[PDB]
file query-v9.cif (mmCIF, C-alpha atoms and all ligand atoms)
data_coords
loop_
_atom_site.group_PDB
_atom_site.id
_atom_site.type_symbol
_atom_site.label_atom_id
_atom_site.label_comp_id
_atom_site.auth_asym_id
_atom_site.auth_seq_id
_atom_site.Cartn_x
_atom_site.Cartn_y
_atom_site.Cartn_z
ATOM 1 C CA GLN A 59 -45.870 94.176 79.705
ATOM 2 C CA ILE A 60 -43.677 96.640 81.797
ATOM 3 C CA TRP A 61 -44.816 96.792 85.416
ATOM 4 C CA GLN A 62 -43.899 99.098 88.296
ATOM 5 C CA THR A 63 -43.974 97.595 91.803
ATOM 6 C CA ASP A 64 -43.532 99.132 95.313
ATOM 7 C CA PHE A 65 -44.525 98.536 98.907
ATOM 8 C CA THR A 66 -46.740 100.863 101.023
ATOM 9 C CA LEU A 67 -48.106 100.606 104.618
ATOM 10 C CA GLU A 68 -51.902 100.418 105.365
ATOM 11 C CA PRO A 69 -52.369 100.242 109.058
ATOM 12 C CA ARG A 70 -56.128 99.434 108.729
ATOM 13 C CA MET A 71 -54.940 96.003 107.415
ATOM 14 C CA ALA A 72 -52.766 95.211 110.473
ATOM 15 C CA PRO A 73 -51.246 92.890 111.487
ATOM 16 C CA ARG A 74 -50.599 92.176 107.724
ATOM 17 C CA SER A 75 -50.378 95.943 106.958
ATOM 18 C CA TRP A 76 -47.639 96.024 104.281
ATOM 19 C CA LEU A 77 -49.253 96.120 100.830
ATOM 20 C CA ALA A 78 -47.232 95.203 97.757
ATOM 21 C CA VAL A 79 -48.721 96.986 94.698
ATOM 22 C CA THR A 80 -47.944 96.408 91.040
ATOM 23 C CA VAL A 81 -49.287 98.525 88.126
ATOM 24 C CA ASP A 82 -49.057 97.502 84.477
ATOM 25 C CA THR A 83 -47.859 100.711 82.802
ATOM 26 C CA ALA A 84 -49.621 100.172 79.431
ATOM 27 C CA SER A 85 -53.062 99.065 80.792
ATOM 28 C CA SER A 86 -53.187 100.703 84.293
ATOM 29 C CA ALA A 87 -54.284 97.256 85.751
ATOM 30 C CA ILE A 88 -53.300 97.065 89.496
ATOM 31 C CA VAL A 89 -52.666 93.974 91.683
ATOM 32 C CA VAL A 90 -52.227 94.279 95.456
ATOM 33 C CA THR A 91 -51.360 91.674 98.119
ATOM 34 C CA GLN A 92 -50.971 92.081 101.914
ATOM 35 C CA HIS A 93 -47.982 90.860 103.966
ATOM 36 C CA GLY A 94 -46.936 90.874 107.651
ATOM 37 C CA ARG A 95 -43.273 91.847 106.817
ATOM 38 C CA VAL A 96 -41.444 93.330 103.825
ATOM 39 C CA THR A 97 -39.127 90.536 102.780
ATOM 40 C CA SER A 98 -37.729 89.187 99.483
ATOM 41 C CA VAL A 99 -40.179 86.299 99.884
ATOM 42 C CA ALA A 100 -43.075 88.701 100.224
ATOM 43 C CA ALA A 101 -42.087 90.471 96.938
ATOM 44 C CA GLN A 102 -41.789 87.057 95.180
ATOM 45 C CA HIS A 103 -45.184 85.786 96.404
ATOM 46 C CA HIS A 104 -46.729 89.142 95.384
ATOM 47 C CA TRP A 105 -45.254 88.845 91.819
ATOM 48 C CA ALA A 106 -46.476 85.252 91.484
ATOM 49 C CA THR A 107 -49.971 86.569 92.394
ATOM 50 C CA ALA A 108 -49.689 89.438 89.877
ATOM 51 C CA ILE A 109 -48.554 86.952 87.162
ATOM 52 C CA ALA A 110 -51.454 84.645 87.938
ATOM 53 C CA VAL A 111 -53.817 87.581 87.538
ATOM 54 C CA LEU A 112 -52.372 89.507 84.609
ATOM 55 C CA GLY A 113 -49.851 87.265 82.795
ATOM 56 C CA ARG A 114 -46.117 87.234 82.849
ATOM 57 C CA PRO A 115 -44.507 90.719 82.075
ATOM 58 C CA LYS A 116 -41.372 91.355 80.081
ATOM 59 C CA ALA A 117 -39.811 93.624 82.757
ATOM 60 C CA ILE A 118 -40.525 95.029 86.251
ATOM 61 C CA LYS A 119 -39.194 98.392 87.461
ATOM 62 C CA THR A 120 -38.732 99.151 91.184
ATOM 63 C CA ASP A 121 -36.795 101.458 93.443
ATOM 64 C CA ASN A 122 -33.657 100.382 95.293
ATOM 65 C CA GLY A 123 -35.320 98.969 98.399
ATOM 66 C CA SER A 124 -33.467 95.981 99.825
ATOM 67 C CA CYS A 125 -36.470 93.493 99.229
ATOM 68 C CA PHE A 126 -36.025 94.309 95.474
ATOM 69 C CA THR A 127 -32.205 94.243 95.083
ATOM 70 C CA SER A 128 -31.399 91.193 97.229
ATOM 71 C CA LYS A 129 -29.558 88.144 95.779
ATOM 72 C CA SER A 130 -32.786 86.167 96.492
ATOM 73 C CA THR A 131 -34.966 88.497 94.336
ATOM 74 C CA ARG A 132 -32.378 88.826 91.589
ATOM 75 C CA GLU A 133 -32.247 84.959 91.368
ATOM 76 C CA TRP A 134 -36.006 84.580 91.357
ATOM 77 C CA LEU A 135 -36.591 87.198 88.569
ATOM 78 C CA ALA A 136 -33.840 85.533 86.370
ATOM 79 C CA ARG A 137 -35.470 82.093 86.951
ATOM 80 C CA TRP A 138 -38.810 83.465 85.804
ATOM 81 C CA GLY A 139 -37.228 85.220 82.804
ATOM 82 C CA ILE A 140 -38.348 88.763 83.824
ATOM 83 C CA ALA A 141 -35.998 91.736 83.270
ATOM 84 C CA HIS A 142 -35.510 94.164 86.222
ATOM 85 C CA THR A 143 -34.571 97.858 86.232
ATOM 86 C CA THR A 144 -33.989 100.053 89.401
ATOM 87 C CA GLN A 153 -43.241 105.890 90.415
ATOM 88 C CA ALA A 154 -46.149 108.202 89.457
ATOM 89 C CA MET A 155 -48.513 105.370 88.398
ATOM 90 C CA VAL A 156 -47.772 103.251 91.520
ATOM 91 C CA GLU A 157 -48.211 106.307 93.759
ATOM 92 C CA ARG A 158 -51.538 107.007 92.147
ATOM 93 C CA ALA A 159 -52.488 103.378 92.675
ATOM 94 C CA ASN A 160 -51.593 103.539 96.350
ATOM 95 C CA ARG A 161 -53.771 106.578 96.979
ATOM 96 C CA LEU A 162 -56.764 105.083 95.086
ATOM 97 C CA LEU A 163 -56.402 101.797 97.002
ATOM 98 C CA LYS A 164 -56.106 103.444 100.399
ATOM 99 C CA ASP A 165 -59.135 105.529 99.717
ATOM 100 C CA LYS A 166 -61.251 102.551 98.821
ATOM 101 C CA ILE A 167 -60.036 100.662 101.796
ATOM 102 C CA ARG A 168 -60.840 103.570 104.154
ATOM 103 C CA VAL A 169 -64.402 104.112 102.867
ATOM 104 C CA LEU A 170 -65.289 100.433 102.797
ATOM 105 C CA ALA A 171 -63.915 99.805 106.322
ATOM 106 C CA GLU A 172 -65.479 102.960 107.898
ATOM 107 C CA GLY A 173 -68.772 102.115 106.210
ATOM 108 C CA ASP A 174 -68.782 98.668 107.994
ATOM 109 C CA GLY A 175 -68.103 100.468 111.259
ATOM 110 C CA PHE A 176 -64.378 99.669 111.455
ATOM 111 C CA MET A 177 -62.758 102.972 112.383
ATOM 112 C CA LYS A 178 -59.322 101.609 113.278
ATOM 113 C CA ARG A 179 -58.087 98.081 112.548
ATOM 114 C CA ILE A 180 -60.259 95.922 110.264
ATOM 115 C CA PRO A 181 -60.840 92.493 111.894
ATOM 116 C CA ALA A 182 -58.652 89.870 110.265
ATOM 117 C CA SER A 183 -61.689 87.779 109.236
ATOM 118 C CA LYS A 184 -63.032 90.699 107.097
ATOM 119 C CA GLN A 185 -59.728 91.737 105.414
ATOM 120 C CA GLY A 186 -59.523 89.250 102.564
ATOM 121 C CA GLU A 187 -62.844 90.179 101.044
ATOM 122 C CA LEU A 188 -62.438 93.870 101.719
ATOM 123 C CA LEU A 189 -58.980 94.061 100.036
ATOM 124 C CA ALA A 190 -60.299 92.017 97.016
ATOM 125 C CA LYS A 191 -63.230 94.423 96.657
ATOM 126 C CA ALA A 192 -60.925 97.465 96.752
ATOM 127 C CA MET A 193 -58.700 95.874 94.122
ATOM 128 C CA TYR A 194 -61.594 94.794 91.835
ATOM 129 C CA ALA A 195 -62.996 98.368 92.007
ATOM 130 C CA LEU A 196 -59.849 99.665 90.308
ATOM 131 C CA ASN A 197 -59.794 97.024 87.604
ATOM 132 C CA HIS A 198 -61.834 95.399 84.752
ATOM 133 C CA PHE A 199 -61.614 91.708 85.801
ATOM 134 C CA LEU B 58 -59.900 71.998 82.475
ATOM 135 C CA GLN B 59 -57.163 71.055 84.912
ATOM 136 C CA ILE B 60 -57.683 69.116 88.069
ATOM 137 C CA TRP B 61 -55.012 69.443 90.784
ATOM 138 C CA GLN B 62 -54.167 67.702 93.990
ATOM 139 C CA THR B 63 -52.347 69.629 96.754
ATOM 140 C CA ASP B 64 -50.896 68.783 100.162
ATOM 141 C CA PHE B 65 -48.163 69.940 102.576
ATOM 142 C CA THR B 66 -45.194 67.854 103.688
ATOM 143 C CA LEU B 67 -42.302 68.654 106.039
ATOM 144 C CA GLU B 68 -38.722 68.683 104.870
ATOM 145 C CA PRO B 69 -36.167 69.348 107.634
ATOM 146 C CA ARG B 70 -33.296 69.908 105.264
ATOM 147 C CA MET B 71 -35.072 73.149 104.155
ATOM 148 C CA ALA B 72 -35.446 74.507 107.711
ATOM 149 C CA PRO B 73 -36.516 77.010 109.031
ATOM 150 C CA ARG B 74 -38.896 77.185 106.001
ATOM 151 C CA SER B 75 -39.393 73.406 106.004
ATOM 152 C CA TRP B 76 -42.996 73.262 105.115
ATOM 153 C CA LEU B 77 -43.349 72.285 101.416
ATOM 154 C CA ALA B 78 -46.676 72.884 99.727
ATOM 155 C CA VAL B 79 -46.946 70.569 96.677
ATOM 156 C CA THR B 80 -49.471 70.548 93.849
ATOM 157 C CA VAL B 81 -49.641 67.925 91.089
ATOM 158 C CA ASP B 82 -51.668 68.432 87.932
ATOM 159 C CA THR B 83 -53.587 65.142 87.481
ATOM 160 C CA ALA B 84 -53.537 65.141 83.642
ATOM 161 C CA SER B 85 -49.914 66.027 83.032
ATOM 162 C CA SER B 86 -48.294 64.884 86.332
ATOM 163 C CA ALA B 87 -46.452 68.288 86.498
ATOM 164 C CA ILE B 88 -45.427 69.335 90.084
ATOM 165 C CA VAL B 89 -45.197 72.794 91.609
ATOM 166 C CA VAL B 90 -43.594 73.165 95.026
ATOM 167 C CA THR B 91 -43.119 76.186 97.265
ATOM 168 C CA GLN B 92 -41.564 76.429 100.751
ATOM 169 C CA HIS B 93 -43.052 78.158 103.851
ATOM 170 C CA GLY B 94 -42.148 78.736 107.498
ATOM 171 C CA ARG B 95 -45.647 77.908 108.817
ATOM 172 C CA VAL B 96 -48.566 75.960 107.537
ATOM 173 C CA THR B 97 -51.299 78.585 107.308
ATOM 174 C CA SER B 98 -54.249 79.454 105.109
ATOM 175 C CA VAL B 99 -52.154 82.259 103.549
ATOM 176 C CA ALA B 100 -49.233 79.927 102.813
ATOM 177 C CA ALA B 101 -51.664 77.635 100.876
ATOM 178 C CA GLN B 102 -53.092 80.590 98.975
ATOM 179 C CA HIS B 103 -49.689 81.966 97.993
ATOM 180 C CA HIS B 104 -48.615 78.430 96.929
ATOM 181 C CA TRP B 105 -51.711 78.197 94.704
ATOM 182 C CA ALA B 106 -51.080 81.619 93.190
ATOM 183 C CA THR B 107 -47.597 80.416 92.302
ATOM 184 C CA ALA B 108 -48.952 77.200 90.766
ATOM 185 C CA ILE B 109 -51.495 79.265 88.741
ATOM 186 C CA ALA B 110 -48.621 81.438 87.504
ATOM 187 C CA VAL B 111 -46.684 78.328 86.361
ATOM 188 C CA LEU B 112 -49.578 76.006 85.172
ATOM 189 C CA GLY B 113 -52.602 78.266 84.423
ATOM 190 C CA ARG B 114 -55.908 78.363 86.374
ATOM 191 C CA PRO B 115 -57.419 74.982 87.267
ATOM 192 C CA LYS B 116 -61.066 73.991 87.280
ATOM 193 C CA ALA B 117 -60.792 72.128 90.595
ATOM 194 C CA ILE B 118 -58.373 71.425 93.465
ATOM 195 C CA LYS B 119 -58.595 68.285 95.642
ATOM 196 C CA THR B 120 -57.157 68.353 99.139
ATOM 197 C CA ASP B 121 -57.496 66.585 102.505
ATOM 198 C CA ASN B 122 -59.276 68.137 105.535
ATOM 199 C CA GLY B 123 -56.331 69.926 107.067
ATOM 200 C CA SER B 124 -57.586 73.127 108.690
ATOM 201 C CA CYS B 125 -55.635 75.443 106.332
ATOM 202 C CA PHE B 126 -57.540 73.900 103.385
ATOM 203 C CA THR B 127 -60.968 74.033 104.923
ATOM 204 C CA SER B 128 -60.759 77.514 106.685
ATOM 205 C CA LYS B 129 -63.163 80.335 105.882
ATOM 206 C CA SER B 130 -60.180 82.377 104.495
ATOM 207 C CA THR B 131 -59.291 79.483 102.071
ATOM 208 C CA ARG B 132 -62.966 78.853 101.063
ATOM 209 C CA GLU B 133 -63.358 82.587 100.209
ATOM 210 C CA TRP B 134 -60.108 82.671 98.243
ATOM 211 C CA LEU B 135 -61.029 79.635 96.154
ATOM 212 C CA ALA B 136 -64.444 81.129 95.429
ATOM 213 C CA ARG B 137 -62.956 84.472 94.270
ATOM 214 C CA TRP B 138 -60.746 82.555 91.828
ATOM 215 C CA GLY B 139 -63.704 80.393 90.693
ATOM 216 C CA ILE B 140 -62.021 77.140 91.635
ATOM 217 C CA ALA B 141 -64.058 74.199 92.815
ATOM 218 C CA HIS B 142 -62.718 72.380 95.890
ATOM 219 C CA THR B 143 -63.311 68.737 96.893
ATOM 220 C CA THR B 144 -62.217 67.182 100.182
ATOM 221 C CA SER B 150 -59.603 60.860 106.006
ATOM 222 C CA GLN B 151 -58.193 59.017 102.910
ATOM 223 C CA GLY B 152 -55.228 60.553 101.023
ATOM 224 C CA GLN B 153 -54.335 60.952 97.326
ATOM 225 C CA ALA B 154 -51.748 58.740 95.550
ATOM 226 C CA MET B 155 -50.268 61.215 93.029
ATOM 227 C CA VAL B 156 -49.431 63.984 95.546
ATOM 228 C CA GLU B 157 -48.001 61.442 98.116
ATOM 229 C CA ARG B 158 -45.787 60.079 95.297
ATOM 230 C CA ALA B 159 -44.619 63.623 94.359
ATOM 231 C CA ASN B 160 -43.855 64.229 98.106
ATOM 232 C CA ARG B 161 -41.553 61.164 98.008
ATOM 233 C CA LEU B 162 -39.862 62.056 94.726
ATOM 234 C CA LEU B 163 -39.275 65.573 95.851
ATOM 235 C CA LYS B 164 -37.700 64.639 99.203
ATOM 236 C CA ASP B 165 -35.320 62.093 97.499
ATOM 237 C CA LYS B 166 -34.373 64.628 94.913
ATOM 238 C CA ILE B 167 -33.727 67.383 97.519
ATOM 239 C CA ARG B 168 -31.392 64.969 99.454
ATOM 240 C CA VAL B 169 -29.404 64.035 96.251
ATOM 241 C CA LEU B 170 -28.880 67.636 95.157
ATOM 242 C CA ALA B 171 -27.968 68.952 98.627
ATOM 243 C CA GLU B 172 -25.529 66.089 99.133
ATOM 244 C CA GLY B 173 -23.768 66.773 95.794
ATOM 245 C CA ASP B 174 -23.145 70.359 96.950
ATOM 246 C CA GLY B 175 -21.701 69.214 100.259
ATOM 247 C CA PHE B 176 -24.671 70.026 102.485
ATOM 248 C CA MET B 177 -25.103 66.869 104.568
ATOM 249 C CA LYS B 178 -27.755 68.016 107.042
ATOM 250 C CA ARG B 179 -29.490 71.492 106.904
ATOM 251 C CA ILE B 180 -29.185 73.407 103.621
ATOM 252 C CA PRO B 181 -27.892 77.026 104.235
ATOM 253 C CA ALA B 182 -30.811 79.361 103.793
ATOM 254 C CA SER B 183 -28.993 81.276 100.937
ATOM 255 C CA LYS B 184 -28.829 77.990 98.885
ATOM 256 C CA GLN B 185 -32.312 76.669 99.447
ATOM 257 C CA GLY B 186 -34.194 78.685 96.766
ATOM 258 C CA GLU B 187 -31.985 77.545 93.841
ATOM 259 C CA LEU B 188 -31.873 73.983 95.143
ATOM 260 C CA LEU B 189 -35.635 73.603 95.587
ATOM 261 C CA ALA B 190 -36.195 75.079 92.055
ATOM 262 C CA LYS B 191 -33.573 72.667 90.621
ATOM 263 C CA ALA B 192 -35.316 69.701 92.319
ATOM 264 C CA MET B 193 -38.737 70.700 91.058
ATOM 265 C CA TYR B 194 -37.299 71.263 87.453
ATOM 266 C CA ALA B 195 -35.480 67.851 87.489
ATOM 267 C CA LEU B 196 -38.708 65.968 88.344
ATOM 268 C CA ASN B 197 -40.732 67.800 85.679
ATOM 269 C CA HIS B 198 -38.063 67.353 82.982
ATOM 270 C CA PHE B 199 -36.939 63.786 83.510
HETATM 271 ZN ZN ZN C 1 -40.534 101.864 97.754
HETATM 272 ZN ZN ZN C 2 -46.398 84.301 100.951
HETATM 273 ZN ZN ZN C 3 -52.076 66.826 104.265
#
call {"tool": "encode", "arguments": {"input": "query-v9.cif", "output": "structure tokens"}}
result
Amino acid sequence: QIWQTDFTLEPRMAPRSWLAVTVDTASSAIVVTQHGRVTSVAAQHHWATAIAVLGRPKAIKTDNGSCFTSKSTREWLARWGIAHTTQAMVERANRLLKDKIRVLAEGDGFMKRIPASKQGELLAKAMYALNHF
Amino acid sequence: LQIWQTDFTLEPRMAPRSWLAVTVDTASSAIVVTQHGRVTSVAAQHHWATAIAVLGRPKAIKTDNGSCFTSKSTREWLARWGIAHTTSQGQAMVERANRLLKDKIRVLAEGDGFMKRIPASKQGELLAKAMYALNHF
């Protein structure tokens, strides 16, 4: 598999409002996780989630953000045997995810921040809606 | 399918991220370890996603009653993954891995000249090398 990964902000999911999103380019499958800060660790724990869900890819493509080009991330991706190169599919995935998140939250009456106790199920439901799990 | 045991243990050499979450597969004795700054429900869930990535999905996970294992957020996560969960005794195999791992961490750090805290930029490769050495004796 060849994946594309990027981070995007979703303030309805605050305080853990940074979403890491990966898309598999051949299948269009999408995995998202939420994070309180954009760090190398956050990217690594997101990829371990995506691997657990979809299988281990041959290569991941990203932009040049510092979470993705750090010595830490470069070391992790070599340890896992995944090649790394430094858009349209991930951007499409972001918009579809944000839309689902907005309509589900506003439907439950949450017009601003979603309470932390409701976030885990609401993000899973948004993700499952865009997939064939 | 697989049955795991998981627990957290503190390792001050790996500070500030000195919380180690450890999972042992009961059939194969394989260990997966990740390190975390705080012991929270999310740290356990990201540890387990890592262990699924390395080992494959288990049928069941056994833990103690620490609050990050029995929280609503952890109960919901385990249910979404379809993993059964069983819970003040402890479990032998994970306590033994905790001991092996701390000994191993000490030996490796000390060979590289780190006598007390390991510099944060060294800790990822060293923890991975310790986990690999125990699995590949
Ligand atoms: Zn970006
Ligand atoms: Zn994490
Ligand atoms: Zn414990």
call {"tool": "closest_atom_pairs", "arguments": {"input": "query-v9.cif", "of": "chain A", "to": "ligand ZN 1 (chain C)", "cutoff": "8 Å", "atoms": "all atoms listed in the file", "output": "CSV"}}
result
residue,atom,partner,partner_atom,distance
A:64,CA,C:ZN1,ZN,4.7
A:65,CA,C:ZN1,ZN,5.3
A:66,CA,C:ZN1,ZN,7.1
A:120,CA,C:ZN1,ZN,7.3
A:121,CA,C:ZN1,ZN,5.7
A:122,CA,C:ZN1,ZN,7.5
A:123,CA,C:ZN1,ZN,6.0
call {"tool": "residues_near_ligand", "arguments": {"input": "query-v9.cif", "ligand": "ligand ZN 2 (chain C)", "cutoff": "6 Å", "atoms": "all atoms listed in the file", "output": "list in words"}}
result
residues 100 and 103 of chain A; 100 and 103 of chain B
call {"tool": "closest_residue", "arguments": {"input": "query-v9.cif", "among": "A:192, A:125, A:78, A:112", "to": "chain B", "atoms": "only C-alpha atoms"}}
result
A:112
call {"tool": "residues_near_ligand", "arguments": {"input": "query-v9.cif", "ligand": "ligand ZN 3 (chain C)", "cutoff": "8 Å", "atoms": "all atoms listed in the file", "output": "number ranges by chain"}}
result
B: 64-66, 120-123, 152
call {"tool": "interface_residues", "arguments": {"input": "query-v9.cif", "of": "chain B", "to": "chain A", "cutoff": "12 Å", "atoms": "all atoms listed in the file", "output": "ChimeraX atom specification"}}
result
/B:74,91-94,98-115,128-138,182-191,194
call {"tool": "resolve_selection", "arguments": {"input": "query-v9.cif", "expression": "the PyMOL selection byres (((chain A and resi 199) around 10) and not hetatm)", "output": "list in words"}}
result
residues 87, 111, 112, 193, 194, 195, 196, 197 and 198 of chain A
call {"tool": "residues_around", "arguments": {"input": "query-v9.cif", "residues": "residue 61 of chain B", "least_positions_apart": "4", "cutoff": "9 Å", "atoms": "only C-alpha atoms", "output": "list in words"}}
result
residues 80, 81, 82, 83, 84, 115, 116, 117, 118, 119 and 120 of chain B
call {"tool": "resolve_selection", "arguments": {"input": "query-v9.cif", "expression": "the PyMOL selection byres (((chain A and resi 142-156) around 8) and not hetatm)", "output": "list in words"}}
result
residues 62, 63, 64, 79, 80, 81, 83, 86, 117, 118, 119, 120, 121, 122, 135, 140, 141, 157, 158, 159 and 160 of chain A
call {"tool": "write_last_selection", "arguments": {"input": "query-v9.cif", "atoms": "C-alpha atoms", "output": "CSV table (one decimal), in the coordinates of the input"}}
result
chain,number,residue,atom,x,y,z
A,62,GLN,CA,-43.9,99.1,88.3
A,63,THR,CA,-44.0,97.6,91.8
A,64,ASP,CA,-43.5,99.1,95.3
A,79,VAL,CA,-48.7,97.0,94.7
A,80,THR,CA,-47.9,96.4,91.0
A,81,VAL,CA,-49.3,98.5,88.1
A,83,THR,CA,-47.9,100.7,82.8
A,86,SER,CA,-53.2,100.7,84.3
A,117,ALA,CA,-39.8,93.6,82.8
A,118,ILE,CA,-40.5,95.0,86.3
A,119,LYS,CA,-39.2,98.4,87.5
A,120,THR,CA,-38.7,99.2,91.2
A,121,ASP,CA,-36.8,101.5,93.4
A,122,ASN,CA,-33.7,100.4,95.3
A,135,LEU,CA,-36.6,87.2,88.6
A,140,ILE,CA,-38.3,88.8,83.8
A,141,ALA,CA,-36.0,91.7,83.3
A,157,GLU,CA,-48.2,106.3,93.8
A,158,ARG,CA,-51.5,107.0,92.1
A,159,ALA,CA,-52.5,103.4,92.7
A,160,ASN,CA,-51.6,103.5,96.4
call {"tool": "residues_around", "arguments": {"input": "query-v9.cif", "residues": "residue 59 of chain A", "least_positions_apart": "6", "cutoff": "7 Å", "atoms": "only C-alpha atoms", "output": "number ranges by chain"}}
result
A: 82, 115-117
call {"tool": "decode", "arguments": {"input": "query-v9.cif", "residues": "segment 59-91 of chain B", "atoms": "C-alpha atoms", "output": "mmCIF file, in the first residue's frame"}}
result
data_model
loop_
_atom_site.group_PDB
_atom_site.id
_atom_site.type_symbol
_atom_site.label_atom_id
_atom_site.label_comp_id
_atom_site.auth_asym_id
_atom_site.auth_seq_id
_atom_site.Cartn_x
_atom_site.Cartn_y
_atom_site.Cartn_z
ATOM 1 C CA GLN B 59 -4.235 -14.751 21.300
ATOM 2 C CA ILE B 60 -4.538 -13.956 24.943
ATOM 3 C CA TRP B 61 -2.471 -11.029 26.274
ATOM 4 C CA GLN B 62 -1.554 -9.653 29.634
ATOM 5 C CA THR B 63 -0.784 -5.919 29.992
ATOM 6 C CA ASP B 64 0.402 -3.639 32.789
ATOM 7 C CA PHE B 65 2.314 -0.367 33.320
ATOM 8 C CA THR B 66 5.610 -0.030 35.172
ATOM 9 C CA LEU B 67 7.789 3.015 35.887
ATOM 10 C CA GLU B 68 11.307 3.311 34.575
ATOM 11 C CA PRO B 69 13.155 6.455 35.720
ATOM 12 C CA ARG B 70 15.998 6.038 33.286
ATOM 13 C CA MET B 71 13.472 6.813 30.473
ATOM 14 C CA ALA B 72 12.244 10.063 32.073
ATOM 15 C CA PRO B 73 10.297 12.275 31.392
ATOM 16 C CA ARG B 74 8.390 9.543 29.451
ATOM 17 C CA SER B 75 9.080 6.951 32.159
ATOM 18 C CA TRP B 76 5.840 5.135 32.107
ATOM 19 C CA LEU B 77 6.284 1.809 30.236
ATOM 20 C CA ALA B 78 3.182 -0.003 29.064
ATOM 21 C CA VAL B 79 4.030 -3.714 28.573
ATOM 22 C CA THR B 80 2.021 -6.477 26.931
ATOM 23 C CA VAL B 81 3.021 -10.154 26.846
ATOM 24 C CA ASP B 82 1.361 -12.654 24.537
ATOM 25 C CA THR B 83 0.618 -15.682 26.771
ATOM 26 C CA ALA B 84 1.162 -18.351 24.067
ATOM 27 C CA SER B 85 4.385 -17.098 22.544
ATOM 28 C CA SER B 86 5.837 -15.034 25.451
ATOM 29 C CA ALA B 87 6.509 -12.155 22.947
ATOM 30 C CA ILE B 88 6.692 -8.658 24.602
ATOM 31 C CA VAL B 89 5.652 -5.286 23.227
ATOM 32 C CA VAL B 90 6.609 -2.166 25.160
ATOM 33 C CA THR B 91 5.842 1.496 24.560
#
